[PDB]
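Participant: Quick one: the structure is below, and I'll ask about it shortly.
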Amino acid sequence: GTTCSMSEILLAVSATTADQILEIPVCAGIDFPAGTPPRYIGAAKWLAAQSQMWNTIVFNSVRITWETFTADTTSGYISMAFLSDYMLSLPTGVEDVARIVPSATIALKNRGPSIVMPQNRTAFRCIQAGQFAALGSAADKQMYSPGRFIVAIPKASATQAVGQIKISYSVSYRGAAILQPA
Amino acid sequence: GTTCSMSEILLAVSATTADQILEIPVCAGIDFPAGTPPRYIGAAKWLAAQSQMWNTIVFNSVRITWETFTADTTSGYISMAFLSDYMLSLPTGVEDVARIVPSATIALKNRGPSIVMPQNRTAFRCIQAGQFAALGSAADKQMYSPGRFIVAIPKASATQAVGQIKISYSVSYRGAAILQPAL
Amino acid sequence: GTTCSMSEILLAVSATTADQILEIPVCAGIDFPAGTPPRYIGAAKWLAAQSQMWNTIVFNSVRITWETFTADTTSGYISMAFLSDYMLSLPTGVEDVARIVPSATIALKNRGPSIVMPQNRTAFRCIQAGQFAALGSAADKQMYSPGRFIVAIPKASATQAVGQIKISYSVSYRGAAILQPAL
Amino acid sequence: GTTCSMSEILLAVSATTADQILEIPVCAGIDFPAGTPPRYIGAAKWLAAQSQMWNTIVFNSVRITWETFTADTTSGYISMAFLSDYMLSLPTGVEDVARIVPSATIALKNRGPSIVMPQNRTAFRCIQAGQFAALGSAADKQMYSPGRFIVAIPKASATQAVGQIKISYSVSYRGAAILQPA
Amino acid sequence: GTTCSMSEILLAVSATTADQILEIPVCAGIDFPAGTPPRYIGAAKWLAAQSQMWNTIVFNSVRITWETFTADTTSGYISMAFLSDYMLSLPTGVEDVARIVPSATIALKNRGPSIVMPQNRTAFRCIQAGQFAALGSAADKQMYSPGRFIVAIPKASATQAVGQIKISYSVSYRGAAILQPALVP
Amino acid sequence: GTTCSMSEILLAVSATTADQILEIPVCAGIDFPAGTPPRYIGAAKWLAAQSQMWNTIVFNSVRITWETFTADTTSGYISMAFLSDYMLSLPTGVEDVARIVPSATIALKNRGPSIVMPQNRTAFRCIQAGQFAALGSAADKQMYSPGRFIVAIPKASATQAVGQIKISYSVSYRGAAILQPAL
Amino acid sequence: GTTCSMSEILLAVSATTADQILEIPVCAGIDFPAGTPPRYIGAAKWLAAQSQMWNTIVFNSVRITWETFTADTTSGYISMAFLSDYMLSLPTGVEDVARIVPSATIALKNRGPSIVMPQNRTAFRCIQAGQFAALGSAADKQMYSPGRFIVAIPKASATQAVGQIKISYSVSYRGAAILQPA
Amino acid sequence: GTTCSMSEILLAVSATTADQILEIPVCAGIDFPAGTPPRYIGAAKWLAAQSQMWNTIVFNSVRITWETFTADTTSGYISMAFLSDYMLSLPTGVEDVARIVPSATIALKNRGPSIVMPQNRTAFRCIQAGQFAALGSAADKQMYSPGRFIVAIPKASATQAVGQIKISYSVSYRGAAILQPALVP
Amino acid sequence: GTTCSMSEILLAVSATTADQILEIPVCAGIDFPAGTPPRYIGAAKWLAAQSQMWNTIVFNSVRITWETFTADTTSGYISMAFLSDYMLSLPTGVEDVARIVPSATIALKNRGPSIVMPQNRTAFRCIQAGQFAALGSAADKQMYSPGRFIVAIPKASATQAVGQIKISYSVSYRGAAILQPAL
Amino acid sequence: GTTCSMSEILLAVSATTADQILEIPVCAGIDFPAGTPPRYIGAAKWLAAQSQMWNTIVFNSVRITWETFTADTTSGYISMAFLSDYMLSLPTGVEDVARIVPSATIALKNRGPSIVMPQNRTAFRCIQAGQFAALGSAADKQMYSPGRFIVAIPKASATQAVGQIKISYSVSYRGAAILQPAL
């Protein structure tokens, strides 16, 4: 068992005429959009790979951050938040993602404070994304994940790139084994 | 980055009328016999999968162990050893695997001490088995691996199962990313 | 609530022309092969009985050991290992059980070090073997068990007895109640 | 070997036109009325199950308590006591259970002090209730049990429920094994 | 996240010619008898409401108590107990609820000691009663609850009121959010 | 009263086409197979003799060990374990002796760790083997013995010698007297 | 190896018209009069049995004592003494047992000081009484015993019981084994 | 529970033309020769009575002593000893009672050292003499007694009184209860 | 007077259709099977030679070990033990050598713990093997030796080599003289 | 001058109908069987090569280990030992290699303790195997070597592979020079 820390890109946000309501579950092995039908998005490639090696992972810390490709002219906001429960629905409406125990609206081109997950040190049996997408009930999903990490942006007049979002973490492994998934 | 520890099966040894000279490289991502042509054997499935997620792995510890399916009647020995260099040839002759800085001949059905790798804490950029099999020079291979883990058994009159060998380890990851391998 | 400790037999290993890939889940109440269709094997009779009395069990320690009925003539190996996760498949191939975070190949007639489960002190709601066999998803099974305890031996030319495997443990109960299991 | 502690129900007392003279032996594995012919009553289900797992049990502590389902109108008393010897007869007569080294008459609907067993730290080889009912001489039974726990109530004009009695304990196991009883 | 403490009524017990075998699961959000078909009973209205606001609840303490509306003339007993496991069946027979690790038979009109849950400080993701009634396996239900709280009384010749039972607790919340529940099959 | 310590042979194990399920009670005076009908086996001759002299014996320590006459060719396992209770049945099935609080499967020709009895310092009124075989209920037998010491080996194709098992102990006597046993 | 201590009867003395000159060797395993022809007398049954279990015995202490069944009317003396050498003859004549490095004449019905063996902590390979009676030379016998313990009483007019003599000891064993004697 | 200490007579020894081989078990409640058929002898009346009151007795100490009614003219010896095990036979032959871990031959009219039981502090469930005589196996009897206390004297030409033997003890009770004994087959 | 330490071979064990019950006395000067008629076996050649030089030898330590020539196929056990007394008979039956204060059944091809003699620092007048074989009573033999070192293996279907046993020791001499032995 | 440590194979043991009595001298430069006529066996290739570079070598530590290729069925023992003197003869008879100051009989398929050379820190002028085979008297050979490392196994019914033996060591060099050996 060994410890690890890295800063890595999660997703490349894109403004679009439709509203964007997005959620990224924090499994031991991420790499969504697993299908099928496809679900969730974002993928920290390093983590799934390194964690496909062990057997039990504790994350000491994790954070999500925003970075700006945009010119000052653009108008728009960007909400980020962190549900800790699966039984609840994904909120509909950015007006409603605006309310959370932890939330931010950094947008669109500003420094801005980094969201940080509330502490939760408990062992989490690692699984793969296909495994995780295959799961049915939320009661199942709560076995493997601290909770979905939700991000949302309102519609804009025309599609355009705007900038990456960037996870950072410290995580600690135990128990080495390399076998085929059930 | 997160730490991990597990006990896992590596291979299922089989006695055979030919001599058995076997080597298992210890990459960040194992799962041999990668081809082609196929090379090496053994596969800790959990490790390649968990480690295909990150980007840089340090193994704090690793051990190899023997376990017995055999009845007392069987005769035979089983040598295990750990070369730390690729420039050297695979020894030919079990009589010659008998000599090593670290070695054992537990065989064939006894408790027996577990081989353990000498300490080596340094960062190792993770790669896949197809990647690793594709490598040419040994000078390349030393970038990614601590060193091949060699095991050997002498010939017997008739083929038969005899028992699994079992790796254990503590390993520590950093840097998360999930991308397609270069060719 | 009371504490307890005992050394007890788990299974009587038998060499056979087919390969043997075996797994024994460590429930609060064991006594497999529960059916039906039948699954798993081994049975510490004392534990299921004593633990059918309480309601919540913590195991401070547990170990698995090998003992030899065989004559020296027999050839064969015996791998033992301990997966801590249900989502993963049972490895196929003794060559592949040879790799594990914790593993051994003591075989076939030697003292040999005892496998020991990595520490895991957390409360585990007790259930019965029929209950446990009835469970569907692995995500369910992880509620009640630390993890399956896998053992494997390679094929041999003719069937024969070879020796018992022997669990030992210290375990600690709380909460007394004696009721009929739910269906 | 592990330690344990729980609070659990033992029996549900019922007033009846006949006198009630009841005894509950404290084995390592309880779950009476074992037969046959049936003997004793009460059953802490958790304990027999948890203790069917080990091989040698020491109870650091144990207590018996009374709880009231009854309305104030009801009249009646309830004696509780703890013989430590099997060679002696079950007393006949509640008037005679009234005398003991340790005794109480809490009844029928009052707080009331909890009976507590005098200390006795010595190893006790666990057995099952069918095993225990099968035993003949008292000299045999003293091998496995600290002593019978007696409870008694006088007759009333009409049958009715009145309330549970509730054991509590701290107990400590050693030696793990799971085999078929002789 | 904030802490809270209250004393509140749970149910109003009623003697009846049938035997009464009752169980009240201790969810983060109670308010049974959720259906359908209806299951469980009792409802601490304050708790479900206050806890429908947060996201993760730890109960530091909880107790169940008996209070008497009855005249002295009435005869009957009342057992109270606390299973910590769902895999086990509801005991049948008050004679059998009489045996428990923790139990009492206060009945019917006496002071009587209060039952108290054994300590269990661990985080419990809050859910609603319809959610909870929708759950299938016991293995699911153990995710959300410490364990069912069982109460039982023997039959009597004629139906009548007898008195309330009364929960008390200290509980501690974290994580604020207010969203629509997911639809469990 | 005097103290004593010795290493001594207990039994000479023999592979056989039938399964071998064996138990050796640890009385103050051993020397089984007492009859009749005959029961139990093994006999530390020195101990019964020295202990037929006193009146009350405490054993501070005791261990059981395996030693190998066999050639490497033989296949087979050998389980050893230690029940502390008489009320329980002798397990049937070596697969089931494999599970115990304390157990080992050293077999068949390996160093292997020695089984050791869990500590139990309490006075034990000495009796003879005929006395002990005469006893009826288990509740009687628990007066005189810490608990039966069970050993088991699986069947093999043909009968053959394989090696002695070897008890060792430290024991401490009190109270000297030499009288005829009661019937 | 374990330690032990007990108080135990050795012999039941009997007055007789012949003179009584008696000796009791202190082997690791006593239980004389071993034959044949029979030799020596007295037997601490507990010791031979407990010591037939081990392999090497050291006696830290040992004492011999007198106890009185007799009425005051009886006349007679009783000498007790402890030779440490086998090469010497058994003294003939109670007048001659009267002289010793350690001796007493407690007789016949008095409290009286207990004889005690001079310290001798050295390992003594245990043997049985038949073994010991079989030995020829004294040089052989000195391998196994500290030395014979002699007791003697003068003749009286008529035979009668008079009282037991009573050994006490602390002894310490090592090395456990149970095999047939050569 | 209370402590106690007394000096009391056990038996009145009598010389006789037959050999005398006698044993007195040390139960919590003595008062032999219980029958039937009658067994053992001696009786400390005070102890059975005081101990029929409690429930669990530990004896801290106990001793046996000899006292002389005889004139100096009498010839004879008197052996006293203390077996701690029931599995063993009563020795036959005073010559054989002469050998013991603890023994004495005070006889017949002398001061003489008092025999004393080796220490053994462990709880002993009290029973009555009829109870104890009813017991079958020695393995049963070892539950209740430290061990039989044996005394023996050789034959003499004519029967005569010679003197009492006298127990002394310190003993400590716990647990008070007074109930009818169970009927052992 | 000088001190010394060496590791040396004692005997070369051979499986055989008859049972093997063997004992090796530990004299100051070994080199059995002295005759005649021949008795005992094994011979540490170095020790008799070096010790034929002095006059009084104390052994601070001594150990006996097992080493495996056999293939895994062979079945059989091997008991080793150490009687400290000559008055006792050689046990008959490997089942009976299985019981000892110190014992092991390592067999047949396993690491296995080394038997070690319990401490005994006392001066031992050196003699030769012919001298020692000439001795009659056991009471004589206890003058010169700590005690016989017994080893035993059960019968097998066909004769074959299986491996050496290997003594190790630290010993300390005093008093130098070189004279002809008495008859 | 630099330090070094490695685990390496020495030889591949083979059961054979003849008895096997083998010795491997521990020179600064090994790689036997040097001739002619050929003598000794085993070869740690890495060591001779690395040590052909310097001029004076001290070995801080060295160990020999056994590893099992055999099935449990095989019967046989395997003795390992370490003479420190050349003046003495190679023992004949595995029964006689059984006695040594340091010895083991792990065989044939068991964990088993590793033999270890007694400490001996003194400078040893390096030579080559042809050089060493050319030497005549033992008095010459003691200049360059700590002492021969002997291994032996008893005969078996049919030839077969059984397993490697495996040296491990820490060694420390001084003085660099690369010249042609003297004849």
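Within each chain, counting starts at residue 1; across the structure tokens, chains are named A, B, ... in the order shown, with ligands numbered 1 upward in that order.
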Dump as an MDAnalysis selection string the residues of chain I that approach chain F to within 6 Å, counting only C-alpha atoms.
Facilitator: chainID I and resid 70:80 82 93:113 153:156 162
Participant: Give me every helix (DSSP H, G or I) residue in range 23-114 of chain J, going by DSSP on the backbone, as a list in words.
Facilitator: residues 45, 46, 47, 48, 49, 50, 51, 94, 95, 96 and 97 of chain J
Participant: Take the residues just selected and output them with N, CA, C and O atoms as a PDB file, in the first residue's frame.
Facilitator:
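New file again22.pdb:
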```pdb
ATOM      1  N   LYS J  45      27.193 -16.200 -12.008  1.00  0.00           N
ATOM      2  CA  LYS J  45      27.860 -15.540 -13.119  1.00  0.00           C
ATOM      3  C   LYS J  45      28.162 -14.088 -12.837  1.00  0.00           C
ATOM      4  O   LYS J  45      29.142 -13.550 -13.326  1.00  0.00           O
ATOM      5  N   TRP J  46      27.301 -13.442 -12.070  1.00  0.00           N
ATOM      6  CA  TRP J  46      27.421 -12.017 -11.857  1.00  0.00           C
ATOM      7  C   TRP J  46      28.649 -11.671 -11.050  1.00  0.00           C
ATOM      8  O   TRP J  46      29.312 -10.659 -11.276  1.00  0.00           O
ATOM      9  N   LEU J  47      28.939 -12.537 -10.097  1.00  0.00           N
ATOM     10  CA  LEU J  47      29.977 -12.277  -9.127  1.00  0.00           C
ATOM     11  C   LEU J  47      31.350 -12.388  -9.724  1.00  0.00           C
ATOM     12  O   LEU J  47      32.202 -11.556  -9.459  1.00  0.00           O
ATOM     13  N   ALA J  48      31.577 -13.406 -10.538  1.00  0.00           N
ATOM     14  CA  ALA J  48      32.893 -13.567 -11.126  1.00  0.00           C
ATOM     15  C   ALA J  48      33.195 -12.379 -12.013  1.00  0.00           C
ATOM     16  O   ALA J  48      34.316 -11.881 -12.046  1.00  0.00           O
ATOM     17  N   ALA J  49      32.162 -11.888 -12.685  1.00  0.00           N
ATOM     18  CA  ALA J  49      32.337 -10.821 -13.648  1.00  0.00           C
ATOM     19  C   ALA J  49      32.616  -9.521 -12.944  1.00  0.00           C
ATOM     20  O   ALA J  49      33.574  -8.828 -13.266  1.00  0.00           O
ATOM     21  N   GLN J  50      31.783  -9.190 -11.970  1.00  0.00           N
ATOM     22  CA  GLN J  50      31.969  -7.957 -11.237  1.00  0.00           C
ATOM     23  C   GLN J  50      33.281  -7.949 -10.471  1.00  0.00           C
ATOM     24  O   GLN J  50      33.930  -6.921 -10.352  1.00  0.00           O
ATOM     25  N   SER J  51      33.681  -9.114  -9.977  1.00  0.00           N
ATOM     26  CA  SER J  51      34.882  -9.242  -9.166  1.00  0.00           C
ATOM     27  C   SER J  51      36.144  -9.452  -9.969  1.00  0.00           C
ATOM     28  O   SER J  51      37.227  -9.521  -9.411  1.00  0.00           O
ATOM     29  N   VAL J  94      25.385 -39.597   2.966  1.00  0.00           N
ATOM     30  CA  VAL J  94      24.446 -38.566   3.374  1.00  0.00           C
ATOM     31  C   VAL J  94      24.099 -38.704   4.851  1.00  0.00           C
ATOM     32  O   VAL J  94      23.795 -37.727   5.545  1.00  0.00           O
ATOM     33  N   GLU J  95      24.188 -39.931   5.334  1.00  0.00           N
ATOM     34  CA  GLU J  95      23.992 -40.203   6.738  1.00  0.00           C
ATOM     35  C   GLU J  95      25.044 -39.454   7.522  1.00  0.00           C
ATOM     36  O   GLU J  95      24.825 -39.069   8.663  1.00  0.00           O
ATOM     37  N   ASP J  96      26.194 -39.245   6.894  1.00  0.00           N
ATOM     38  CA  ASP J  96      27.288 -38.563   7.558  1.00  0.00           C
ATOM     39  C   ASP J  96      27.279 -37.065   7.290  1.00  0.00           C
ATOM     40  O   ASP J  96      27.828 -36.302   8.075  1.00  0.00           O
ATOM     41  N   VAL J  97      26.651 -36.625   6.203  1.00  0.00           N
ATOM     42  CA  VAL J  97      26.509 -35.181   6.026  1.00  0.00           C
ATOM     43  C   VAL J  97      25.425 -34.702   6.982  1.00  0.00           C
ATOM     44  O   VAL J  97      25.287 -33.511   7.248  1.00  0.00           O
TER      45      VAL J  97
END
```
Participant: Which of chain H counts as strand (DSSP E) under DSSP, as a compact mmCIF listing (two decimals) with N, CA and C atoms, in the first residue's frame please?
Facilitator:
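Contents of part_10.txt, freshly written:
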```txt
# COMPACT_ATOMS: atom_id res chain seq x y z
N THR H 3 -17.76 -14.60 58.01
CA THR H 3 -16.64 -15.48 58.34
C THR H 3 -16.82 -16.16 59.69
N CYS H 4 -16.13 -17.27 59.91
CA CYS H 4 -16.28 -18.02 61.15
C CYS H 4 -15.05 -18.86 61.49
N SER H 5 -14.89 -19.17 62.77
CA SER H 5 -13.76 -19.95 63.26
C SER H 5 -14.17 -20.67 64.54
N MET H 6 -13.84 -21.95 64.64
CA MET H 6 -14.15 -22.72 65.83
C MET H 6 -13.22 -23.92 65.99
N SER H 7 -13.12 -24.42 67.22
CA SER H 7 -12.42 -25.66 67.49
C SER H 7 -13.47 -26.65 67.96
N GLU H 8 -13.52 -27.82 67.32
CA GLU H 8 -14.61 -28.74 67.59
C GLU H 8 -14.20 -30.20 67.52
N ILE H 9 -14.81 -31.07 68.32
CA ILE H 9 -14.54 -32.52 68.24
C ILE H 9 -15.12 -33.20 66.98
N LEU H 10 -14.33 -34.12 66.40
CA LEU H 10 -14.74 -34.86 65.21
C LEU H 10 -15.20 -36.30 65.46
N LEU H 11 -14.41 -37.04 66.24
CA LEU H 11 -14.69 -38.46 66.50
C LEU H 11 -14.05 -38.94 67.80
N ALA H 12 -14.53 -40.07 68.32
CA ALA H 12 -13.96 -40.64 69.53
C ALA H 12 -13.37 -42.00 69.19
N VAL H 13 -12.05 -42.04 69.03
CA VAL H 13 -11.36 -43.23 68.56
C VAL H 13 -11.46 -44.39 69.54
N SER H 14 -11.58 -45.60 69.01
CA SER H 14 -11.71 -46.79 69.84
C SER H 14 -10.86 -47.94 69.33
N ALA H 15 -9.91 -48.39 70.14
CA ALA H 15 -9.09 -49.54 69.78
C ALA H 15 -9.96 -50.79 69.69
N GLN H 20 -8.41 -50.76 61.98
CA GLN H 20 -9.27 -49.62 61.75
C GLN H 20 -8.75 -48.76 60.61
N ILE H 21 -9.46 -48.76 59.48
CA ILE H 21 -9.12 -47.89 58.36
C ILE H 21 -10.27 -46.95 58.05
N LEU H 22 -10.08 -45.68 58.36
CA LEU H 22 -11.18 -44.73 58.44
C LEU H 22 -10.95 -43.53 57.53
N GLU H 23 -12.00 -42.99 56.94
CA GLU H 23 -11.85 -41.81 56.09
C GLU H 23 -12.97 -40.82 56.32
N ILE H 24 -12.63 -39.54 56.40
CA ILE H 24 -13.65 -38.55 56.62
C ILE H 24 -13.61 -37.47 55.54
N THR H 56 -22.46 -20.89 49.48
CA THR H 56 -21.12 -21.00 48.91
C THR H 56 -20.03 -20.73 49.92
N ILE H 57 -19.20 -21.74 50.16
CA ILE H 57 -18.28 -21.70 51.27
C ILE H 57 -16.84 -21.90 50.86
N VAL H 58 -15.99 -21.04 51.38
CA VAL H 58 -14.56 -21.18 51.20
C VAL H 58 -13.94 -21.39 52.57
N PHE H 59 -13.10 -22.41 52.68
CA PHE H 59 -12.41 -22.67 53.92
C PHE H 59 -11.00 -22.15 53.77
N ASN H 60 -10.64 -21.19 54.61
CA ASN H 60 -9.33 -20.61 54.56
C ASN H 60 -8.34 -21.55 55.17
N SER H 61 -8.78 -22.24 56.22
CA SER H 61 -7.89 -23.16 56.91
C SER H 61 -8.62 -24.28 57.59
N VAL H 62 -7.95 -25.42 57.71
CA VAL H 62 -8.47 -26.50 58.51
C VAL H 62 -7.34 -27.39 59.00
N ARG H 63 -7.46 -27.87 60.25
CA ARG H 63 -6.51 -28.80 60.93
C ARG H 63 -7.18 -29.97 61.71
N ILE H 64 -6.50 -31.11 61.84
CA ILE H 64 -6.97 -32.29 62.62
C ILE H 64 -5.94 -32.58 63.76
N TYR H 77 0.09 -47.45 67.57
CA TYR H 77 0.34 -46.26 66.79
C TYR H 77 -0.91 -45.79 66.07
N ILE H 78 -0.87 -44.57 65.56
CA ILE H 78 -2.04 -43.90 65.00
C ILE H 78 -1.62 -43.02 63.85
N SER H 79 -1.95 -43.43 62.63
CA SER H 79 -1.53 -42.67 61.47
C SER H 79 -2.61 -41.73 60.98
N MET H 80 -2.21 -40.53 60.56
CA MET H 80 -3.16 -39.58 60.01
C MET H 80 -2.61 -38.98 58.74
N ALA H 81 -3.46 -38.79 57.74
CA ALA H 81 -3.01 -38.39 56.42
C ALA H 81 -4.12 -37.74 55.62
N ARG H 99 2.95 -44.16 54.42
CA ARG H 99 3.54 -43.34 53.38
C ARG H 99 2.51 -42.37 52.83
N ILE H 100 2.82 -41.08 52.94
CA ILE H 100 1.99 -40.03 52.38
C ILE H 100 2.80 -38.74 52.21
N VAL H 101 2.31 -37.84 51.37
CA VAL H 101 2.95 -36.54 51.19
C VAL H 101 2.91 -35.80 52.52
N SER H 103 1.88 -36.87 56.55
CA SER H 103 1.49 -37.96 57.44
C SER H 103 2.05 -37.76 58.84
N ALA H 104 1.48 -38.45 59.82
CA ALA H 104 2.03 -38.47 61.17
C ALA H 104 1.70 -39.76 61.90
N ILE H 115 -1.78 -32.18 62.02
CA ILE H 115 -1.89 -32.24 60.57
C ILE H 115 -2.59 -31.00 60.04
N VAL H 116 -2.15 -30.49 58.90
CA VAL H 116 -2.79 -29.31 58.33
C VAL H 116 -2.97 -29.45 56.82
N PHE H 149 -10.08 -37.23 54.30
CA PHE H 149 -9.10 -37.04 55.35
C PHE H 149 -8.96 -38.39 56.04
N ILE H 150 -7.89 -39.13 55.77
CA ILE H 150 -7.84 -40.51 56.23
C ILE H 150 -7.07 -40.71 57.54
N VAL H 151 -7.58 -41.60 58.39
CA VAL H 151 -6.98 -41.92 59.69
C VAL H 151 -7.01 -43.43 59.91
N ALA H 152 -5.95 -43.99 60.49
CA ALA H 152 -5.91 -45.44 60.65
C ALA H 152 -5.13 -45.94 61.86
N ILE H 153 -5.66 -46.98 62.51
CA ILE H 153 -4.95 -47.60 63.63
C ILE H 153 -4.97 -49.13 63.55
N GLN H 160 -11.21 -50.83 73.72
CA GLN H 160 -11.06 -49.82 74.76
C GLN H 160 -11.12 -48.41 74.18
N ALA H 161 -11.56 -47.45 74.97
CA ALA H 161 -11.52 -46.04 74.57
C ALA H 161 -10.11 -45.48 74.66
N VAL H 162 -9.79 -44.53 73.80
CA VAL H 162 -8.44 -43.98 73.76
C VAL H 162 -8.34 -42.46 73.56
N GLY H 163 -9.35 -41.83 72.97
CA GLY H 163 -9.35 -40.38 72.89
C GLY H 163 -9.89 -39.72 71.64
N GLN H 164 -10.40 -38.50 71.80
CA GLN H 164 -11.01 -37.77 70.69
C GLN H 164 -10.00 -37.18 69.73
N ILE H 165 -10.46 -36.98 68.50
CA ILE H 165 -9.71 -36.28 67.48
C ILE H 165 -10.44 -34.96 67.23
N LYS H 166 -9.74 -33.89 66.90
CA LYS H 166 -10.35 -32.57 67.04
C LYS H 166 -10.05 -31.56 65.94
N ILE H 167 -11.04 -31.33 65.09
CA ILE H 167 -10.88 -30.44 63.95
C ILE H 167 -10.92 -28.98 64.38
N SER H 168 -10.23 -28.13 63.64
CA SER H 168 -10.28 -26.69 63.84
C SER H 168 -10.27 -26.04 62.49
N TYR H 169 -10.89 -24.88 62.35
CA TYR H 169 -11.03 -24.29 61.03
C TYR H 169 -11.39 -22.83 60.98
N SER H 170 -11.04 -22.20 59.87
CA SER H 170 -11.55 -20.88 59.54
C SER H 170 -12.15 -20.96 58.17
N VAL H 171 -13.38 -20.47 58.05
CA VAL H 171 -14.20 -20.70 56.87
C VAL H 171 -14.97 -19.42 56.58
N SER H 172 -15.34 -19.20 55.33
CA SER H 172 -15.95 -17.93 54.96
C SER H 172 -17.08 -18.07 53.96
N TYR H 173 -18.27 -17.65 54.37
CA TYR H 173 -19.50 -17.85 53.61
C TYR H 173 -19.89 -16.70 52.72
N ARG H 174 -20.70 -17.00 51.71
CA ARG H 174 -21.34 -15.98 50.89
C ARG H 174 -22.71 -16.47 50.42
```
Participant: Report, in Å to a single decimal, how far apart CA of residue 57 in chain J and CA of residue 120 in chain J are.
Facilitator: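 That distance, rounded to one decimal, is 12.0 Å.
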Participant: Within 12 Å of residue 125 in chain B, counting only C-alpha atoms, which residues show up once you throw out same-chain ones fewer than 2 positions away? Write them as a compact mmCIF listing (two decimals) with C-alpha atoms, in the first residue's frame, please.
Facilitator:
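The result, stored in part.txt:
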```txt
# COMPACT_ATOMS: atom_id res chain seq x y z
CA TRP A 46 -4.20 8.54 -13.98
CA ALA A 49 -5.01 3.24 -13.83
CA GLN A 50 -3.05 3.54 -10.64
CA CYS B 27 6.09 -3.39 -14.27
CA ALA B 28 3.64 -0.82 -12.98
CA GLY B 29 1.10 -2.60 -15.15
CA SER B 51 -2.79 1.48 -11.83
CA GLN B 52 -4.17 2.22 -15.26
CA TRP B 54 -2.90 7.04 -12.23
CA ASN B 55 0.38 8.18 -13.62
CA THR B 56 3.22 7.45 -11.20
CA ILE B 57 3.65 4.55 -8.84
CA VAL B 58 5.97 3.74 -5.99
CA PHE B 59 5.94 0.29 -4.47
CA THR B 122 11.87 5.66 -6.56
CA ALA B 123 9.16 6.90 -8.90
CA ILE B 127 3.06 1.56 -18.69
CA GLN B 128 0.98 -1.27 -20.09
CA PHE B 132 6.39 -3.16 -22.28
CA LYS B 141 13.32 -1.56 -19.90
CA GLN B 142 15.29 -0.38 -16.91
CA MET B 143 13.34 2.88 -17.03
CA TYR B 144 10.12 1.23 -15.92
CA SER B 145 10.97 -1.79 -13.82
CA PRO B 146 12.92 -2.64 -10.62
CA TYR B 173 0.07 6.24 -6.38
CA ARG B 174 0.18 9.86 -7.45
CA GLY B 175 -1.21 11.94 -10.31
```
Participant: Would you list the contacts of residue 74 in chain H as JSON, numbers by chain, taking every protein, DNA or RNA residue within 12 Å and counting only C-alpha atoms, but skipping same-chain residues closer than 4 positions in sequence?
Facilitator: {"G": [15, 69, 70, 71, 72, 73, 74, 75, 76, 108, 109, 156, 157, 158, 159, 160, 161, 162], "H": [15, 68, 69, 70, 107, 108, 109, 156, 157, 158, 159, 160, 161, 162]}
Participant: Write out as a list in words which residues come within 8 Å of range 82-90 of chain H when counting only C-alpha atoms, dropping same-chain ones fewer than 5 positions away.
Facilitator: residues 55, 125, 127, 177, 179, 180, 181 and 182 of chain F; 7, 8 and 9 of chain G; 100, 102, 103, 117, 138, 139, 141, 142, 146, 147, 148, 149 and 150 of chain H
